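**Q** Pasting a structure below so you can have a look.
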Amino acid sequence: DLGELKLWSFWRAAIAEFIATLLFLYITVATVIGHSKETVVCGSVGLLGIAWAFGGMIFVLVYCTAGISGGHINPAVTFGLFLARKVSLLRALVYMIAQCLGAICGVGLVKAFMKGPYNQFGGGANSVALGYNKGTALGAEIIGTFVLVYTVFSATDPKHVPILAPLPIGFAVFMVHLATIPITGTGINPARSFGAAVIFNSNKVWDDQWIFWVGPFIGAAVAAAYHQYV
Amino acid sequence: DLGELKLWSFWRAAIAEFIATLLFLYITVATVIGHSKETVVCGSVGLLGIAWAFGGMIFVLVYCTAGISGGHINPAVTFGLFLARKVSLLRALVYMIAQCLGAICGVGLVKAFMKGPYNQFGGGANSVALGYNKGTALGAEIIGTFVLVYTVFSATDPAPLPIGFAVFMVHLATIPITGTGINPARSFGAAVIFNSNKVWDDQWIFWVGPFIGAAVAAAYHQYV
Amino acid sequence: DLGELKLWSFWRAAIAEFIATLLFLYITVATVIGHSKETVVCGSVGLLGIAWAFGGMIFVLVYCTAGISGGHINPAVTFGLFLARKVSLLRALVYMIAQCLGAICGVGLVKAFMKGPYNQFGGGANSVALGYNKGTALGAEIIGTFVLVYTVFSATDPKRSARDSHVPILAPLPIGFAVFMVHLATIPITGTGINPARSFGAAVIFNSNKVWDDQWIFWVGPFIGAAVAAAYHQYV
Amino acid sequence: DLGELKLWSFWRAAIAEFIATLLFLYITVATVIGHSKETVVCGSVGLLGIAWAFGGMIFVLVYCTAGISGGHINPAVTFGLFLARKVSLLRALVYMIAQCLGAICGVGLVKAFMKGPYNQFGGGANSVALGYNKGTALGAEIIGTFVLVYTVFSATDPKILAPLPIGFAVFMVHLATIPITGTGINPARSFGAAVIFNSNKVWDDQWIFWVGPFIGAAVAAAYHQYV
C-alpha cells in the first residue's frame, strides 16, 4: 500500500518508538561505559549487569508501548512482523526510521554526559570480538536474533498490529546477551548497532556494521519461516 | 483546602507511606553499607546487589501499599501524579511529608545498629560523582526519573514488577554518577542522617532533577 | 481446639511442609558451602548468588505448596498467621515441627554430600558476625522478619472458594523477593535467619557452641518481627 | 498406546522440541565457554550468569512451546510425565530423540564457531568434580532433578506449563549443583555435549546424567500418588 496516514494515532506510534529506542540506548550504553571507566576491578555491575540493562530495558519498554505502537524498539522485530504481514510496508519503514533516529539520540546524551570514557572504551559500539571471524559473528547474530524473534511471535497477543508480552523478551534479550557479549558485544537490533556506530564513528565499527543488519534480518526471517512450517 | 480528614481511609494512607519508605531506606542503605564495609575482594553483594535492593524493595513495597495508598514511596512519583490531576494538593503534601519522615527514620537506625561502618563510609547518602559536574548529575537525575515516572504512568491500571525493574535499571546506569537518586525522600533521609556539608551542597539536584523528570514524565502521556 | 486431624488432607499438609523445608535448606546451604569453598578469586556465584538461592527457593516452594498447605516453610510465617487466628494452634504446632524436622534433614543431607567442606567452611549456620553485638543482630532479625511477614499478609487473598495453587500468578514472586531483599541487607549481620527452622536445622547439624549460644536470637527476633507485622495488619 | 502418527499435529511437536533444545544448548554452552574463555579477573558473566542462562532459557523455551508441544526440552521431564500417563510411550520416545538430536546440534553449533577456546574448556559437557565421588554426584543429580520435576507437576494445568516457576526451578538447582556436576538434570543436555566434546572422562561419567535424572523424575512423579 502507501496510503495509511490515519491521522493522530500513528504519527504517534512512530513517536512511541522514538522515545523508546532513545531511553533504551541511553540506559544500556549509559551502563556499558559505566563498566569500563573502572579504576578498581570487581567494582562495577559487571557484564552480568550489562546483560540485565539490555534485557530489562526491553521488558520495561515493550511494557510501556505494548498497546500504543505494539512495542518493537528494534528493526529486526519490525521486519519479522512485516515478513508475516502482521504490519504494512509503510508502518514498517516509519518504525525503522523512528528507531534508528532514537537510537542515535540516545548514544548522544550518553556522549555528552559521559565524554572521555565514551571514546576511551568502545563507545557501546559493536565490533567483531577479537579472536573470532566475520562468519562466526554473523552466525551468532543470526541465531541470537532468531531466539529474540521466535520469542516475539510467541509473544504475539491475538487481540492491525498485535499486543506483546514482556517478561519473555525481557528474558529473550537478556539470555542472548549472556551468550553473545564476548563475541560481538551482542546486537540483534540494527538500530541499537547503527546508533552507536553513528556516534562513535570509527572505521573498524563501520567496517563490521553490515553484520548487524544482515545477521538480524536473516535471523528474523528464519523466524517467520519457523512460523511458516508450523 | 482542608476538605479532608476522613475517619479512617487517609490519615492511614499517609501511614502506609511512612512505614513503606522506612523499610525502603533500611533495606537498601542497610545493603549499601555492608558492601563498603567489606574485607573480602568480592564477598560483598556487588553493586549489582545494591541495584537489586533498590529495585526489588520498590517492587515489594508498591505491591504491599498498592491498593492502600497508591504505592508512591517517592515524592517525585507523587508529584507526577499530582501534575496529572490524579491526586490532590493536600494528599500530595501529606504523602511527601510522610515519605521524607519515613526515609529519615530508616537511616537513623542503620546508624545505631552500625554507627561505625555507616559513619566511616559516606552514610549511603546521595552525593556527586568524584569526576563529572553538576550539569551531568542533574541531567542523569532528570532522565533517570523520567524512566521511573513514565513507567509509573503506564503502571496505572484503573503495576509492580515493571517499577521493580524501572528502578533497578536506572540504578545500573546511574550508581556511578550520583549514586542514583530519583527519589527526593530517599536523597533527603540520608542527607539528614549523614549530615555532611558536601552532601547538603549537592542536595538541590536530588529535588530539582526528579521533579523535572517527573513533570516531563507527566506530559509525555499528554501528547499520547 | 484439637480436631483437624482430618484423614489425608492434613497429615499431608504437614508433609507438604516437611519435603519443602527440606529442599529449601538443601539448595541454599548447598549453595552457601558451594561458595565458601572457593580457591579462585571471585569464582563463586557470589553472595548475590546466595541471596538468590534463599529468595528464589521460597518463591518456588511457596508456588508448589500454596493450595496444598498454604506455603509457610517458616515457623515465623506460621506464627504470624496464627496470631491472626487463620491457622489454629494445633495446625501451627504441627507445621512448626514438620518445618524444623525438614530443615535438619536438608542440612544434614549436605554435611552428607560435602562432609569436609561443610564444617571447615562455616557450617551454613546462623550466628552473630564479628563486629556487631547481640542487640543489633536481634534488631536486624526483627526488622528483617517484619519485612517478610508484612509481605506475606499482603500476600494473602480471599481466593479459594473454588481453587488455588493454580491462580492469577503473584503470591510467590513477592516473597521470593521479600526474602531475597532481606538477605541482601542482613547477610553481613547474622547471615539472615528470619526463619527459626532454617536457623535450627543448621545449628543441629553444625553443632557448635558459639552457634547454640546465639540461637535464641533466631527464634525471638523472628517471632517478634512476625507479631509486630501480625499486628500492623489490624491497625492498617 | 501406539495408534498415533496422525499427520502434522505431532511430527511437528517433535520438531518444536528439536529447535528448542537446540537454542537451549546454544545459548547456555555459548555462555559457558564465554565465561571460561575470558581472561580478566571478574570479566565474563560469572557462575551466576551461567546459572541464569540455563534457567532463563528454560523459561523462554517452555513459554514458546508448552502451549503447542508441552514444553519438555528435557528427557527427564518427558519421562516423569510418561510415568504419570499424561503422555504415551510413543510420544515420549519421539520427544527424547528430538531433544537428544537438538542438543547435539546445539553443542555442535557452539564448537564449530568458538572451537579454539571450546576444546580447551571441557565443551561445557557434564562431568564430576575434584572433590566429590560418583555417589555424591548421583545424589545431587537425583535431588536436583526432583526439584525440577516436582515443579513441573505443579506447573501442570487442568485446561501445558507455566514458566517463571521452572525458569526458576532450573536456575536454583544450578546455583547449588554447578560446583559438583556443573549441574545436569537433563539427559539430552548432558548427552549433547558428551557427543560433541568426546572425552573419555566425560563418557565415563555419562551414566550418572541419565540414571540420576530418571530416578529423580520417577521419585517426583510418584509424589503425585502420595499427595
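Labels for the C-alpha cells follow display order: chains A, B, ..., residues from 1 in each chain, ligands from 1.
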Can you work out which residues from chain A touch chain D at a cut-off of 6 Å (counting only C-alpha atoms) and hand them back as a ChimeraX atom specification?
**A** /A:42,47-48,136,154,168,175,178-179
**Q** Restricted to N, CA and C atoms, what would the selected residues look like written as a PDB file, in the first residue's frame?
**A**
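As written to disk, out-v4.pdb reads:
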```pdb
ATOM      1  N   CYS A  42      36.411  -5.568  39.844  1.00  0.00           N
ATOM      2  CA  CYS A  42      35.325  -6.235  40.578  1.00  0.00           C
ATOM      3  C   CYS A  42      34.616  -5.171  41.393  1.00  0.00           C
ATOM      4  N   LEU A  47      29.637  -7.586  33.477  1.00  0.00           N
ATOM      5  CA  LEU A  47      28.888  -7.966  32.267  1.00  0.00           C
ATOM      6  C   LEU A  47      27.476  -8.470  32.554  1.00  0.00           C
ATOM      7  N   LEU A  48      27.329  -9.203  33.642  1.00  0.00           N
ATOM      8  CA  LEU A  48      26.002  -9.660  34.063  1.00  0.00           C
ATOM      9  C   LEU A  48      25.093  -8.435  34.152  1.00  0.00           C
ATOM     10  N   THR A 136      31.558 -16.306  12.114  1.00  0.00           N
ATOM     11  CA  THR A 136      31.136 -16.593  13.452  1.00  0.00           C
ATOM     12  C   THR A 136      30.258 -15.487  14.013  1.00  0.00           C
ATOM     13  N   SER A 154       5.860 -15.840  19.516  1.00  0.00           N
ATOM     14  CA  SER A 154       5.061 -16.457  20.504  1.00  0.00           C
ATOM     15  C   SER A 154       4.613 -15.434  21.493  1.00  0.00           C
ATOM     16  N   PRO A 168       8.932 -12.337  28.970  1.00  0.00           N
ATOM     17  CA  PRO A 168       9.551 -13.271  27.959  1.00  0.00           C
ATOM     18  C   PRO A 168      10.686 -12.695  27.128  1.00  0.00           C
ATOM     19  N   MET A 175      19.070 -13.257  27.808  1.00  0.00           N
ATOM     20  CA  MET A 175      19.738 -14.517  27.552  1.00  0.00           C
ATOM     21  C   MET A 175      20.756 -14.439  26.391  1.00  0.00           C
ATOM     22  N   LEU A 178      23.958 -12.883  27.366  1.00  0.00           N
ATOM     23  CA  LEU A 178      24.863 -13.692  28.153  1.00  0.00           C
ATOM     24  C   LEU A 178      25.756 -14.585  27.271  1.00  0.00           C
ATOM     25  N   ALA A 179      25.225 -15.079  26.150  1.00  0.00           N
ATOM     26  CA  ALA A 179      25.976 -15.927  25.248  1.00  0.00           C
ATOM     27  C   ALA A 179      26.852 -15.081  24.268  1.00  0.00           C
TER      28      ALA A 179
END
```
**Q** Pull out every residue of chain C sitting within 8 Å of chain D, counting only C-alpha atoms, and send them as a list in words.
**A**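 The answer, sorted by residue number, is residues 12, 23, 27, 28, 30, 31, 34, 41, 42, 43, 44, 45, 46, 49, 53, 56, 57, 60, 63, 64, 113, 114, 165 and 166 of chain C.
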**Q** Using C-alpha atoms, can you export the residues from the last selection as a compact mmCIF listing (two decimals), in the first residue's frame?
**A**
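Saved file part_25.txt follows:
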```txt
# COMPACT_ATOMS: atom_id res chain seq x y z
CA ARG C 12 -0.41 -34.44 54.38
CA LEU C 23 14.82 -28.91 49.63
CA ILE C 27 19.60 -25.91 47.87
CA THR C 28 20.61 -22.88 49.94
CA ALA C 30 24.16 -26.46 49.27
CA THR C 31 24.98 -23.10 47.75
CA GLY C 34 29.48 -24.21 47.34
CA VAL C 41 39.19 -15.11 43.23
CA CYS C 42 35.55 -14.32 42.70
CA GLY C 43 34.77 -17.79 41.35
CA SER C 44 31.63 -18.48 43.43
CA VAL C 45 28.12 -17.46 42.34
CA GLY C 46 28.74 -14.56 44.71
CA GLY C 49 24.07 -15.82 44.38
CA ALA C 53 19.15 -19.14 46.49
CA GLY C 56 14.27 -17.95 44.74
CA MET C 57 13.70 -21.19 46.66
CA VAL C 60 9.49 -21.87 44.08
CA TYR C 63 4.40 -21.78 44.47
CA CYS C 64 4.43 -25.59 44.93
CA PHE C 113 27.49 -34.74 50.42
CA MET C 114 30.28 -32.26 51.35
CA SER C 165 -2.03 -23.44 43.69
CA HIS C 166 -3.10 -22.53 40.14
```
**Q** Per residue of chain C within 10 Å of chain B, what are the shortest atom pair and its distance in Å to one decimal, counting only C-alpha atoms, with rows by chain and residue number, as JSON lines?
**A**
```
{"residue": "C:35", "atom": "CA", "partner": "B:43", "partner_atom": "CA", "distance": 9.6}
{"residue": "C:36", "atom": "CA", "partner": "B:43", "partner_atom": "CA", "distance": 9.5}
{"residue": "C:41", "atom": "CA", "partner": "B:42", "partner_atom": "CA", "distance": 7.8}
{"residue": "C:42", "atom": "CA", "partner": "B:42", "partner_atom": "CA", "distance": 5.8}
{"residue": "C:43", "atom": "CA", "partner": "B:42", "partner_atom": "CA", "distance": 9.3}
{"residue": "C:44", "atom": "CA", "partner": "B:43", "partner_atom": "CA", "distance": 9.1}
{"residue": "C:45", "atom": "CA", "partner": "B:43", "partner_atom": "CA", "distance": 9.9}
{"residue": "C:46", "atom": "CA", "partner": "B:43", "partner_atom": "CA", "distance": 6.4}
{"residue": "C:47", "atom": "CA", "partner": "B:45", "partner_atom": "CA", "distance": 5.3}
{"residue": "C:48", "atom": "CA", "partner": "B:45", "partner_atom": "CA", "distance": 4.7}
{"residue": "C:49", "atom": "CA", "partner": "B:45", "partner_atom": "CA", "distance": 8.4}
{"residue": "C:50", "atom": "CA", "partner": "B:45", "partner_atom": "CA", "distance": 9.1}
{"residue": "C:51", "atom": "CA", "partner": "B:45", "partner_atom": "CA", "distance": 8.4}
{"residue": "C:131", "atom": "CA", "partner": "B:114", "partner_atom": "CA", "distance": 9.1}
{"residue": "C:132", "atom": "CA", "partner": "B:114", "partner_atom": "CA", "distance": 7.2}
{"residue": "C:133", "atom": "CA", "partner": "B:113", "partner_atom": "CA", "distance": 8.6}
{"residue": "C:135", "atom": "CA", "partner": "B:113", "partner_atom": "CA", "distance": 8.0}
{"residue": "C:136", "atom": "CA", "partner": "B:113", "partner_atom": "CA", "distance": 5.0}
{"residue": "C:137", "atom": "CA", "partner": "B:113", "partner_atom": "CA", "distance": 8.2}
{"residue": "C:138", "atom": "CA", "partner": "B:113", "partner_atom": "CA", "distance": 9.9}
{"residue": "C:139", "atom": "CA", "partner": "B:113", "partner_atom": "CA", "distance": 7.7}
{"residue": "C:140", "atom": "CA", "partner": "B:113", "partner_atom": "CA", "distance": 8.0}
{"residue": "C:143", "atom": "CA", "partner": "B:23", "partner_atom": "CA", "distance": 8.2}
{"residue": "C:144", "atom": "CA", "partner": "B:27", "partner_atom": "CA", "distance": 8.4}
{"residue": "C:146", "atom": "CA", "partner": "B:23", "partner_atom": "CA", "distance": 9.3}
{"residue": "C:147", "atom": "CA", "partner": "B:23", "partner_atom": "CA", "distance": 7.3}
{"residue": "C:148", "atom": "CA", "partner": "B:60", "partner_atom": "CA", "distance": 9.9}
{"residue": "C:150", "atom": "CA", "partner": "B:64", "partner_atom": "CA", "distance": 8.0}
{"residue": "C:151", "atom": "CA", "partner": "B:64", "partner_atom": "CA", "distance": 6.5}
{"residue": "C:152", "atom": "CA", "partner": "B:64", "partner_atom": "CA", "distance": 9.3}
{"residue": "C:153", "atom": "CA", "partner": "B:64", "partner_atom": "CA", "distance": 8.8}
{"residue": "C:154", "atom": "CA", "partner": "B:64", "partner_atom": "CA", "distance": 5.8}
{"residue": "C:155", "atom": "CA", "partner": "B:64", "partner_atom": "CA", "distance": 8.1}
{"residue": "C:170", "atom": "CA", "partner": "B:63", "partner_atom": "CA", "distance": 9.7}
{"residue": "C:173", "atom": "CA", "partner": "B:161", "partner_atom": "CA", "distance": 8.9}
{"residue": "C:174", "atom": "CA", "partner": "B:60", "partner_atom": "CA", "distance": 5.9}
{"residue": "C:175", "atom": "CA", "partner": "B:60", "partner_atom": "CA", "distance": 8.1}
{"residue": "C:176", "atom": "CA", "partner": "B:60", "partner_atom": "CA", "distance": 9.7}
{"residue": "C:177", "atom": "CA", "partner": "B:56", "partner_atom": "CA", "distance": 6.6}
{"residue": "C:178", "atom": "CA", "partner": "B:60", "partner_atom": "CA", "distance": 6.5}
{"residue": "C:180", "atom": "CA", "partner": "B:56", "partner_atom": "CA", "distance": 8.5}
{"residue": "C:181", "atom": "CA", "partner": "B:53", "partner_atom": "CA", "distance": 5.9}
{"residue": "C:182", "atom": "CA", "partner": "B:27", "partner_atom": "CA", "distance": 6.7}
{"residue": "C:183", "atom": "CA", "partner": "B:31", "partner_atom": "CA", "distance": 9.0}
{"residue": "C:184", "atom": "CA", "partner": "B:31", "partner_atom": "CA", "distance": 5.9}
{"residue": "C:185", "atom": "CA", "partner": "B:31", "partner_atom": "CA", "distance": 4.2}
{"residue": "C:186", "atom": "CA", "partner": "B:31", "partner_atom": "CA", "distance": 7.6}
{"residue": "C:187", "atom": "CA", "partner": "B:34", "partner_atom": "CA", "distance": 8.6}
{"residue": "C:188", "atom": "CA", "partner": "B:34", "partner_atom": "CA", "distance": 6.2}
{"residue": "C:189", "atom": "CA", "partner": "B:34", "partner_atom": "CA", "distance": 8.4}
{"residue": "C:232", "atom": "CA", "partner": "B:19", "partner_atom": "CA", "distance": 10.0}
{"residue": "C:235", "atom": "CA", "partner": "B:12", "partner_atom": "CA", "distance": 8.9}
{"residue": "C:236", "atom": "CA", "partner": "B:12", "partner_atom": "CA", "distance": 6.9}
```
**Q** Listing only residues of chain A within 9 Å of chain B, what is the closest atom pair and its distance in Å (to one decimal) for each, using only C-alpha atoms, sorted by chain and residue number ascending, as JSON lines?
**A**
```
{"residue": "A:9", "atom": "CA", "partner": "B:224", "partner_atom": "CA", "distance": 8.5}
{"residue": "A:12", "atom": "CA", "partner": "B:224", "partner_atom": "CA", "distance": 7.0}
{"residue": "A:13", "atom": "CA", "partner": "B:224", "partner_atom": "CA", "distance": 8.9}
{"residue": "A:16", "atom": "CA", "partner": "B:224", "partner_atom": "CA", "distance": 8.2}
{"residue": "A:23", "atom": "CA", "partner": "B:147", "partner_atom": "CA", "distance": 7.4}
{"residue": "A:26", "atom": "CA", "partner": "B:173", "partner_atom": "CA", "distance": 8.5}
{"residue": "A:27", "atom": "CA", "partner": "B:173", "partner_atom": "CA", "distance": 5.7}
{"residue": "A:28", "atom": "CA", "partner": "B:173", "partner_atom": "CA", "distance": 7.0}
{"residue": "A:29", "atom": "CA", "partner": "B:173", "partner_atom": "CA", "distance": 8.2}
{"residue": "A:30", "atom": "CA", "partner": "B:173", "partner_atom": "CA", "distance": 5.2}
{"residue": "A:31", "atom": "CA", "partner": "B:173", "partner_atom": "CA", "distance": 4.4}
{"residue": "A:32", "atom": "CA", "partner": "B:173", "partner_atom": "CA", "distance": 8.1}
{"residue": "A:33", "atom": "CA", "partner": "B:173", "partner_atom": "CA", "distance": 8.9}
{"residue": "A:34", "atom": "CA", "partner": "B:176", "partner_atom": "CA", "distance": 6.7}
{"residue": "A:42", "atom": "CA", "partner": "B:42", "partner_atom": "CA", "distance": 6.8}
{"residue": "A:43", "atom": "CA", "partner": "B:47", "partner_atom": "CA", "distance": 6.9}
{"residue": "A:44", "atom": "CA", "partner": "B:47", "partner_atom": "CA", "distance": 6.0}
{"residue": "A:45", "atom": "CA", "partner": "B:48", "partner_atom": "CA", "distance": 4.8}
{"residue": "A:46", "atom": "CA", "partner": "B:48", "partner_atom": "CA", "distance": 7.8}
{"residue": "A:48", "atom": "CA", "partner": "B:48", "partner_atom": "CA", "distance": 8.4}
{"residue": "A:49", "atom": "CA", "partner": "B:48", "partner_atom": "CA", "distance": 6.3}
{"residue": "A:50", "atom": "CA", "partner": "B:172", "partner_atom": "CA", "distance": 8.1}
{"residue": "A:52", "atom": "CA", "partner": "B:169", "partner_atom": "CA", "distance": 7.9}
{"residue": "A:53", "atom": "CA", "partner": "B:169", "partner_atom": "CA", "distance": 6.1}
{"residue": "A:56", "atom": "CA", "partner": "B:165", "partner_atom": "CA", "distance": 6.8}
{"residue": "A:57", "atom": "CA", "partner": "B:169", "partner_atom": "CA", "distance": 7.0}
{"residue": "A:59", "atom": "CA", "partner": "B:162", "partner_atom": "CA", "distance": 8.0}
{"residue": "A:60", "atom": "CA", "partner": "B:162", "partner_atom": "CA", "distance": 6.1}
{"residue": "A:61", "atom": "CA", "partner": "B:151", "partner_atom": "CA", "distance": 8.4}
{"residue": "A:63", "atom": "CA", "partner": "B:162", "partner_atom": "CA", "distance": 7.7}
{"residue": "A:64", "atom": "CA", "partner": "B:154", "partner_atom": "CA", "distance": 5.8}
{"residue": "A:65", "atom": "CA", "partner": "B:154", "partner_atom": "CA", "distance": 8.7}
{"residue": "A:68", "atom": "CA", "partner": "B:224", "partner_atom": "CA", "distance": 8.5}
{"residue": "A:109", "atom": "CA", "partner": "B:139", "partner_atom": "CA", "distance": 8.8}
{"residue": "A:112", "atom": "CA", "partner": "B:136", "partner_atom": "CA", "distance": 8.2}
{"residue": "A:113", "atom": "CA", "partner": "B:136", "partner_atom": "CA", "distance": 5.2}
{"residue": "A:114", "atom": "CA", "partner": "B:132", "partner_atom": "CA", "distance": 8.1}
```
**Q** Output N, CA, C and O atoms of each residue in that selection to a file, as a short mmCIF file (atom, residue, chain, number, x, y, z; two decimals), in the first residue's frame.
**A**
```
data_model
loop_
_atom_site.label_atom_id
_atom_site.label_comp_id
_atom_site.auth_asym_id
_atom_site.auth_seq_id
_atom_site.Cartn_x
_atom_site.Cartn_y
_atom_site.Cartn_z
N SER A 9 -3.43 8.90 15.96
CA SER A 9 -3.00 7.52 16.28
C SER A 9 -1.73 6.83 15.75
O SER A 9 -1.26 5.86 16.36
N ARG A 12 2.03 9.08 15.84
CA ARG A 12 2.21 8.99 17.29
C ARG A 12 3.01 7.71 17.53
O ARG A 12 4.04 7.73 18.21
N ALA A 13 2.48 6.63 16.98
CA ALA A 13 3.13 5.33 17.11
C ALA A 13 4.60 5.45 16.77
O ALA A 13 5.45 4.93 17.49
N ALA A 16 6.21 6.81 19.61
CA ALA A 16 6.26 5.97 20.78
C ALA A 16 7.59 5.22 20.68
O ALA A 16 8.30 5.05 21.67
N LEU A 23 15.59 6.02 25.28
CA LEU A 23 15.92 5.62 26.64
C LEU A 23 16.52 4.20 26.72
O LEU A 23 17.06 3.80 27.76
N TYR A 26 20.13 4.88 25.87
CA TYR A 26 20.68 5.67 26.97
C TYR A 26 21.06 4.69 28.06
O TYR A 26 22.22 4.34 28.22
N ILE A 27 20.06 4.23 28.80
CA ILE A 27 20.29 3.30 29.88
C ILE A 27 21.42 2.32 29.60
O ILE A 27 22.44 2.35 30.29
N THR A 28 21.26 1.46 28.60
CA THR A 28 22.29 0.47 28.31
C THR A 28 23.70 1.01 28.13
O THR A 28 24.57 0.74 28.95
N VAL A 29 23.93 1.76 27.07
CA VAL A 29 25.26 2.31 26.84
C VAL A 29 25.67 3.22 27.98
O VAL A 29 26.84 3.51 28.17
N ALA A 30 24.68 3.66 28.76
CA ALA A 30 24.94 4.50 29.92
C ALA A 30 25.49 3.59 30.99
O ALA A 30 26.10 4.02 31.96
N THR A 31 25.25 2.30 30.79
CA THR A 31 25.70 1.28 31.72
C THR A 31 26.87 0.50 31.14
O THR A 31 27.60 -0.17 31.88
N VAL A 32 27.06 0.58 29.83
CA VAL A 32 28.18 -0.12 29.21
C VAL A 32 29.46 0.70 29.33
O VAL A 32 30.56 0.15 29.32
N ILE A 33 29.33 2.01 29.43
CA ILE A 33 30.50 2.84 29.60
C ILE A 33 30.76 2.82 31.10
O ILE A 33 31.90 2.85 31.55
N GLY A 34 29.68 2.74 31.88
CA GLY A 34 29.83 2.69 33.32
C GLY A 34 30.79 1.58 33.69
O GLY A 34 31.63 1.71 34.59
N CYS A 42 36.41 -5.57 39.84
CA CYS A 42 35.32 -6.23 40.58
C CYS A 42 34.62 -5.17 41.39
O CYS A 42 34.29 -5.39 42.55
N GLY A 43 34.40 -4.01 40.78
CA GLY A 43 33.74 -2.92 41.48
C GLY A 43 32.63 -2.27 40.69
O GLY A 43 32.18 -1.19 41.03
N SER A 44 32.20 -2.91 39.61
CA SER A 44 31.12 -2.37 38.79
C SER A 44 30.03 -3.43 38.73
O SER A 44 30.17 -4.48 39.35
N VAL A 45 28.96 -3.18 37.99
CA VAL A 45 27.90 -4.16 37.91
C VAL A 45 28.39 -5.41 37.20
O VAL A 45 27.87 -6.48 37.46
N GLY A 46 29.38 -5.27 36.32
CA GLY A 46 29.92 -6.42 35.60
C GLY A 46 29.09 -6.78 34.39
O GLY A 46 27.96 -6.32 34.29
N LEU A 48 27.33 -9.20 33.64
CA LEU A 48 26.00 -9.66 34.06
C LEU A 48 25.09 -8.43 34.15
O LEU A 48 24.00 -8.46 33.64
N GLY A 49 25.57 -7.36 34.78
CA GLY A 49 24.82 -6.09 34.89
C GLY A 49 24.50 -5.54 33.52
O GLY A 49 23.37 -5.01 33.31
N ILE A 50 25.47 -5.56 32.60
CA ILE A 50 25.20 -5.08 31.26
C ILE A 50 24.10 -5.88 30.60
O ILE A 50 23.22 -5.33 29.94
N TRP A 52 21.68 -7.44 31.93
CA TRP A 52 20.43 -7.06 32.55
C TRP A 52 19.89 -5.72 32.05
O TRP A 52 18.71 -5.55 31.96
N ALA A 53 20.78 -4.76 31.77
CA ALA A 53 20.37 -3.47 31.27
C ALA A 53 19.69 -3.62 29.93
O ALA A 53 18.62 -3.03 29.71
N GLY A 56 16.31 -6.08 30.61
CA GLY A 56 15.41 -5.36 31.48
C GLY A 56 14.79 -4.14 30.88
O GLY A 56 13.62 -3.84 31.11
N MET A 57 15.56 -3.40 30.05
CA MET A 57 15.01 -2.21 29.38
C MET A 57 14.03 -2.65 28.29
O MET A 57 13.07 -1.95 27.99
N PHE A 59 12.12 -5.33 28.38
CA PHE A 59 10.92 -5.66 29.17
C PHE A 59 10.11 -4.38 29.54
O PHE A 59 8.92 -4.25 29.27
N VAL A 60 10.78 -3.39 30.14
CA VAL A 60 10.16 -2.17 30.52
C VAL A 60 9.55 -1.41 29.33
O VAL A 60 8.37 -1.00 29.32
N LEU A 61 10.31 -1.29 28.26
CA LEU A 61 9.86 -0.53 27.13
C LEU A 61 8.73 -1.22 26.34
O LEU A 61 7.78 -0.54 25.88
N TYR A 63 6.63 -3.24 27.67
CA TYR A 63 5.50 -2.97 28.60
C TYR A 63 4.87 -1.60 28.35
O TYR A 63 3.66 -1.49 28.24
N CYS A 64 5.68 -0.55 28.24
CA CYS A 64 5.14 0.81 28.04
C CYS A 64 4.55 1.12 26.67
O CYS A 64 3.64 1.96 26.59
N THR A 65 5.03 0.49 25.62
CA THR A 65 4.46 0.76 24.32
C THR A 65 3.36 -0.25 23.99
O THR A 65 2.33 0.11 23.42
N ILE A 68 0.17 0.77 22.45
CA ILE A 68 0.28 2.11 21.86
C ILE A 68 0.82 2.01 20.42
O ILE A 68 0.28 2.62 19.49
N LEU A 109 23.28 11.80 24.45
CA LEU A 109 23.29 12.32 25.82
C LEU A 109 24.27 11.50 26.63
O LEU A 109 24.84 11.97 27.62
N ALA A 112 27.50 13.28 25.62
CA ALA A 112 27.63 14.49 26.40
C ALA A 112 27.94 14.08 27.83
O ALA A 112 29.09 14.12 28.26
N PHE A 113 26.92 13.66 28.57
CA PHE A 113 27.11 13.24 29.95
C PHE A 113 28.49 12.63 30.10
O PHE A 113 29.41 13.24 30.66
N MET A 114 28.64 11.42 29.58
CA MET A 114 29.92 10.74 29.66
C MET A 114 30.79 10.94 28.42
O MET A 114 30.59 10.30 27.38
#
```
**Q** Could you go through chain C and tell me which residues DSSP, when run on the backbone, assigns to alpha helix (DSSP H), listing them as a PyMOL selection string?
**A** chain C and resi 13-36+47-64+75-82+89-111+115-120+134-154+172-190+196-206+209-214+217-232
**Q** Within 9 Å of residue 193 of chain A, counting only C-alpha atoms, which residues show up once you throw out same-chain ones fewer than 6 positions away? Write them as a JSON list (two decimals) with N, CA and C atoms, in the first residue's frame, please.
**A**
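After the write, selection_11.json holds the following:
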```json
[["chain", "number", "residue", "atom", "x", "y", "z"],
["A", 103, "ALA", "N", 17.72, 5.79, 18.49],
["A", 103, "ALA", "CA", 18.97, 5.19, 18.86],
["A", 103, "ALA", "C", 20.18, 6.18, 18.84],
["A", 124, "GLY", "N", 30.18, 1.78, 23.46],
["A", 124, "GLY", "CA", 28.99, 0.96, 23.30],
["A", 124, "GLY", "C", 28.91, 0.45, 21.88],
["A", 125, "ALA", "N", 29.87, 0.84, 21.06],
["A", 125, "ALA", "CA", 29.91, 0.45, 19.66],
["A", 125, "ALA", "C", 30.17, -1.05, 19.45],
["A", 126, "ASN", "N", 29.49, -1.64, 18.46],
["A", 126, "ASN", "CA", 29.62, -3.07, 18.16],
["A", 126, "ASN", "C", 30.57, -3.49, 17.05],
["A", 186, "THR", "N", 27.09, -8.19, 21.28],
["A", 186, "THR", "CA", 25.68, -8.50, 21.10],
["A", 186, "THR", "C", 24.83, -7.35, 20.56],
["A", 187, "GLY", "N", 24.30, -7.55, 19.36],
["A", 187, "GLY", "CA", 23.45, -6.56, 18.71],
["A", 187, "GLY", "C", 21.99, -6.98, 18.58],
["A", 209, "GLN", "N", 29.74, -3.15, 10.41],
["A", 209, "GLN", "CA", 28.33, -2.77, 10.60],
["A", 209, "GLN", "C", 27.35, -3.62, 9.80],
["A", 212, "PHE", "N", 25.48, -6.49, 11.53],
["A", 212, "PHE", "CA", 24.45, -6.12, 12.49],
["A", 212, "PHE", "C", 23.19, -5.72, 11.84],
["A", 213, "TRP", "N", 23.16, -5.77, 10.49],
["A", 213, "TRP", "CA", 21.93, -5.58, 9.74],
["A", 213, "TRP", "C", 21.51, -6.90, 9.12]]
```
**Q** List the spatial neighbours of residue 210 of chain A as a list in words - criterion: any atom at most 10 Å away, only C-alpha atoms, same-chain residues fewer than 5 positions off excluded.
**A**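 Non-adjacent residues within range: residues 138, 190, 193, 194, 205 and 215 of chain A.
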**Q** Could you dump the residues just selected with C-alpha atoms as a compact mmCIF listing (two decimals), in the first residue's frame?
**A**
```txt
# COMPACT_ATOMS: atom_id res chain seq x y z
CA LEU A 138 27.32 -13.33 11.61
CA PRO A 190 20.08 -2.93 13.79
CA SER A 193 24.05 -1.21 16.36
CA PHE A 194 23.53 1.82 14.00
CA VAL A 205 32.98 -0.31 13.64
CA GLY A 215 22.55 -11.13 10.63
```
